[PDB]
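In: This one's experimental. Sequence and coordinates below.
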Amino acid sequence: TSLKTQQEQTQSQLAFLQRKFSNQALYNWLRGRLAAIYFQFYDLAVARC
Amino acid sequence: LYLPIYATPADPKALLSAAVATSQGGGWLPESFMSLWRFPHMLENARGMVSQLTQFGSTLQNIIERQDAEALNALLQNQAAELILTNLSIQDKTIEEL
Amino acid sequence: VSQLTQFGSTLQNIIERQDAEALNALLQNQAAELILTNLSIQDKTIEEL
Amino acid sequence: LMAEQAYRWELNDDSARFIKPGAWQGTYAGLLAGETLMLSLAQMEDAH
Amino acid sequence: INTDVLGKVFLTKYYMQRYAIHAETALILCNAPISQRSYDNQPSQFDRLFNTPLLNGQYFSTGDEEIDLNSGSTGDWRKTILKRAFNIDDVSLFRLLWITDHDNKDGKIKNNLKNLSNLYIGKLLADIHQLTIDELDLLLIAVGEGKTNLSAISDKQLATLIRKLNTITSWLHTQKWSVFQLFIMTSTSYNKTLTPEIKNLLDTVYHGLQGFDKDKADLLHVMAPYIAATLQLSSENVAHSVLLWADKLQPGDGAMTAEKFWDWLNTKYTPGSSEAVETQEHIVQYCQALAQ
Amino acid sequence: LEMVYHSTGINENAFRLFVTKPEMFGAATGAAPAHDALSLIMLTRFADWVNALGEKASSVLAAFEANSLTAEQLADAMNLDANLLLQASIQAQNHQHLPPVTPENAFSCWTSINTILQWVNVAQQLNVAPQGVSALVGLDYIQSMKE
């Protein structure tokens, strides 16, 4: 009974990691959007230098 | 004379969790306003305003990360508080075994 | 250029965070998979008794 | 958009618009919205 | 005894070793009709399979009457005999009928011995691999040999199909993979329903690619970072390779490609609003192919 | 109502749908949704079914919020036979439920989806087709209402 409870507790924690904000998919979007901005702004910077 | 069949239970199912997304519409531009400032000055102004916004955005990201980690910290404590009771029951029944 | 360096530091922080969160989700899915065999072992211990 | 009017009147390029509506997104709490305007202003100053 | 009979005794010795099944079952696997003859003071295969135990005092035998395999038809006692012999329900019975023969337009089939043998062959194909009728069908589709009908097939072709099924089942067991996962990875039909993830992908791609110039840079390389961000990818070049593969495949009922997708997003897409578009289903199919 | 939302475990957008359109969840038309335990148990069952749908839930819910969901898509989502769901829906339509089930709500109202899933669960418990349950429920031999 204790081990079966632990299975539910591990599923509840996994669900919290998937359902929260500040999750994997937000950071993936942040990386892609920032990388595109970073390369465009580098092209502008080097033109200015 | 007949020995009955020793039917035996199968493995537990793998529990499965559902992860859905949320979407919210695109933004809308304000009406542009024409003002008395030559472009280099209104640009140094706006650029300052924007850099202040980026600083609020970095504070906001830090807040989001912190609050989510603290909600996990409280979840693991309430979960171990619930896990302890069964161990107490097991120890009590071990005494009856002795 | 100093604005570009600031975008580069934000980008490095994003990369580190997203990689650590992908590890956090991996360890949970991995312990969720590890629990089933322990349940099977406990069930066969009952048959032993 | 006030700096964009200043651009469109110091130069005559009334057609040229640099600020896009996509800077804010409610799906992701509007994070990184300022850095898109910072890039837009950089493009506006470079073209200027 | 001759070349023909001596050819499949090796096959039956193989099947009885590999699958540890009885001789008669292996013969059924060798495209052989069920034997009505009972010898060795034992009930025959047909008798053991259908006639015993007798159902409501009715004796089952091959006849010229026609039996319906439609699940909703609520057939007579013969359908009940078939269900009891095959240990399957009506819906799976119809699915097995569809698996065995693709030329059977209607559920009704002839009650001769050959059709019963074909049905038993189809049932044992799933039985030997520890799968039921549903995973058997999905496996045959995932293999690509599901188009071929088991009712009209050569013995060597049947042996090749058996070997392919055994190899793929062994591979799936080694890979800890379910049949449904393989079917999803090998699926071609795509659901044409808008999803919040697909909507977010469309919004991000439209916002990022706005103002793009065709001659300045390659469209695919520019579109790759947003696809990586939206579709949860670790690397950008993985998204670029996936986009190249999708452009070579041209997914969906309306053959979709990066240029067509970009043009549709530029012209007929309005972010932030829920509207019905004729081409929107093809967009959804292309996005589903990318995610797959 | 926070304690409700957190205890139920339902997803945020289906909670939005439940608040905005109780008719989609089959509550009495034109009335505010009830936090009665009777509604709480059905909300919990909806959340459990959504969790069971797994990764497909994202498309299933979107097709459910439109009047779009069909037997075949839901069968693919639950890894069930499409003919099985179609015939279970047919049997539910044939028999007198309250509220009645009609083809234009059979996958549009949650009460109809729940009734169809109950039929499927009972059929698979008995390891028979839904026609088996249809034959069984005809054995009302202790009544005077019908032959």
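Out: Looks like it arrived, so ask away. Numbers count the residues shown, from 1 in each chain, chains lettered A, B, ... in the order given.
In: Nearest the middle, which residue of chain D would you pick?
Out: Geometric centre of chain D, nearest residue: residue D:19, 2.7 Å, by CA atoms, centre = their mean.
In: what about it, which SS state?
Out: The three-state label given to residue D:19 by DSSP: H, G, I helix; E, B strand; the rest coil is coil.
In: Quick check: phi and psi at it.
Out: phi -80, psi 120 (degrees, to the nearest 10).
In: can you check the one 10 residues further on too?
Out: Geometry field for residue D:29 lists phi and psi as phi 60, psi 20, criterion degrees, to the nearest 10.
In: for residue E:109, same thing?
Out: According to degrees, to the nearest 10, residue E:109 has phi -130, psi 160.
In: Leaving out the residues flanking it, which one is nearest to it?
Out: Distance criterion CB to CB, 6 or more residues apart in numbering or on different chains; nearest residue to residue E:109, sequence neighbours excluded, is residue E:115 at 5.1 Å. (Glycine included, C-beta is placed from N, CA and C.)
In: Figure out how far the helix or strand hosting the one you found is from the centre of its chain.
Out: If you go by DSSP states H and E, residue E:115 is part of helix E:113-128. When distances are taken as CA atoms, centre = their mean, to the nearest Å, helix E:113-128 is centred 17 Å away from the chain's centroid.
In: which outside residues touch the helix or strand hosting residue F:87?
Out: Per DSSP H and E: residue F:87 is located in helix F:82-94. Under the criterion CB atoms under 8 Å, 6 or more residues apart in numbering or on different chains, residues E:71-72, E:91, E:94-95, F:71-72, F:74-76, F:101-103, F:106-107, F:112, F:115-116, F:119-120, F:123, F:129-131, F:133-134 lie in contact with helix F:82-94.
In: same thing with stretch B:7-18?
Out: With CB under 8 Å, 6+ apart, stretch B:7-18 has contacts from A:4, A:7-8, A:11, A:14-15, A:18, C:32, C:36, C:39-40, C:43, C:47, F:11, F:50-55, F:57.
In: let's go with 10 Å and repeat that
Out: A:3-4, A:7-8, A:10-12, A:14-19, C:32-33, C:35-37, C:39-40, C:43-44, C:46-47, F:11, F:47-58, F:60-61 (CB atoms under 10 Å, 6 or more residues apart in numbering or on different chains).
In: So residue E:232 lies in a strand, does it not?
Out: No - with three-state DSSP as the criterion, residue E:232 is assigned coil and is not in a strand.
In: State which helix of chain D is the longest.
Out: Longest helix in chain D by number of residues (criterion: DSSP state H): helix D:33-47.
In: Contact residues of the stretch 151-292 of chain E facing chain B?
Out: Within the stretch 151-292 of chain E, the positions near chain B by CB under 10 Å from any CB of the partner chain are E:194-203, E:206-207, E:270-274.
In: Quick one, which of the residues you listed are buried?
Out: Buried by 16 or more other CB atoms under 10 Å in any protein chain shown: E:194-203, E:206-207, E:271, out of those.
In: could you dump these to JSON lines with distance to residue E:119 and secondary structure?
Out: Shown next, in JSON lines, are these (distance: CB to CB, whole Å; DSSP: H, G, I helix; E, B strand; the rest coil):
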{"residue": "E:194", "distance to residue E:119": "42", "secondary structure": "coil"}
{"residue": "E:195", "distance to residue E:119": "40", "secondary structure": "coil"}
{"residue": "E:196", "distance to residue E:119": "45", "secondary structure": "helix"}
{"residue": "E:197", "distance to residue E:119": "43", "secondary structure": "helix"}
{"residue": "E:198", "distance to residue E:119": "42", "secondary structure": "helix"}
{"residue": "E:199", "distance to residue E:119": "47", "secondary structure": "helix"}
{"residue": "E:200", "distance to residue E:119": "48", "secondary structure": "helix"}
{"residue": "E:201", "distance to residue E:119": "46", "secondary structure": "helix"}
{"residue": "E:202", "distance to residue E:119": "48", "secondary structure": "helix"}
{"residue": "E:203", "distance to residue E:119": "52", "secondary structure": "helix"}
{"residue": "E:206", "distance to residue E:119": "54", "secondary structure": "helix"}
{"residue": "E:207", "distance to residue E:119": "57", "secondary structure": "helix"}
{"residue": "E:271", "distance to residue E:119": "54", "secondary structure": "coil"}
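In: And the helices in the chain, which stretches?
Out: Reading this off chain A. Along chain A, the stretches classed as helices by DSSP H are A:2-19, A:24-48.
In: you looked at the wrong chain, it should be chain E
Out: Per DSSP H, chain E carries helices over the ranges E:3-18, E:23-29, E:45-46, E:77-86, E:90-100, E:113-128, E:133-143, E:155-175, E:179-186, E:196-209, E:219-230, E:236-249, E:258-268, E:280-291.
In: Could you identify which of the ones you listed is most buried?
Out: helix E:90-100 (a mean of 23; mean count of other CB atoms under 10 Å in any protein chain shown).
In: Now look at that helix and say if it contacts chain F.
Out: Yes - shown here: helix E:90-100 in contact with chain F (CB under 10 Å from any CB) through E:90-95, E:98.
In: Which elements pack onto that helix?
Out: helix E:77-86, strand E:108-110, helix E:113-128, helix E:133-143, helix F:82-94, helix F:130-137 (3 or more CB pairs under 10 Å, 6 or more residues apart in numbering or on different chains; DSSP states H and E).
In: how about these, which one is nearest residue E:33?
Out: helix E:113-128 (4.6 Å; CB to CB).
In: So which elements touch the closest one?
Out: Using 3+ CB pairs under 10 Å, 6+ apart: helix E:113-128 touches helix E:23-29, helix E:45-46, helix E:77-86, helix E:90-100, strand E:108-110, helix E:133-143, helix E:155-175.
In: How about the helix or strand harbouring residue F:17, which residues are buried there?
Out: Following DSSP H and E, one finds residue F:17 within helix F:12-20. Residues F:13-15, F:17-18 are the ones in helix F:12-20 that count as buried (16+ other CB under 10 Å).
In: what's the answer for stretch E:56-73, then?
Out: For stretch E:56-73, the neighbour count (16+ other CB under 10 Å) marks E:60, E:67-73 as buried.
In: what about it and chain F, touching?
Out: Yes - interface with chain F: stretch E:56-73 contributes E:70-73 (CB under 10 Å from any CB).
In: from those, which two are the most distant?
Out: Longest span within these, CB to CB: E:71 and E:73, 7.2 Å.
In: Now do the shared contacts for these two.
Out: Common neighbours of residue E:71 and residue E:73 (criterion: CB under 10 Å, 6+ apart): E:79, E:90, E:94, E:107, F:131.
In: residues from chain D in reach of chain C?
Out: Counting by CB under 10 Å from any CB, chain D comes close to chain C at D:32, D:35, D:38-39, D:42.
In: got it, and chain A?
Out: For chain A, the contact set with chain C under CB under 10 Å from any CB comprises A:1-4, A:6-11, A:13-18, A:22-35, A:37-39, A:41-42, A:44-46, A:48-49.
In: all helices of chain B, in order?
Out: Using DSSP H, the helices of chain B run over B:39-97.
In: ok, now how distant is residue F:141 from residue A:49?
Out: 93 Å (CB to CB, to the nearest Å).
In: Can you get me a residue count around residue B:64?
Out: Residue B:64 has 16 neighbouring residues, counting by other CB atoms under 10 Å in any protein chain shown.
In: now residue 24, nearest residue through space, not along the chain?
Out: Let's take chain A. Closest to residue A:24 by CB to CB, 6+ apart is residue C:21, at 5.4 Å.
In: um, chain D though
Out: Nearest residue to residue D:24 in three dimensions, chain neighbours excluded: residue B:27, at 4.2 Å (CB to CB, 6+ apart).
In: who's in contact with the one you found?
Out: D:20-26, D:30, D:33, E:207, E:271-272.
In: What about the residues you listed, which one has the most neighbours?
Out: residue D:25 (25 neighbours).
In: Go ahead and confirm that one touches residue B:22.
Out: No - contact status for residue D:25 versus residue B:22: not in contact, 11.6 Å apart, counting by CB atoms under 10 Å.
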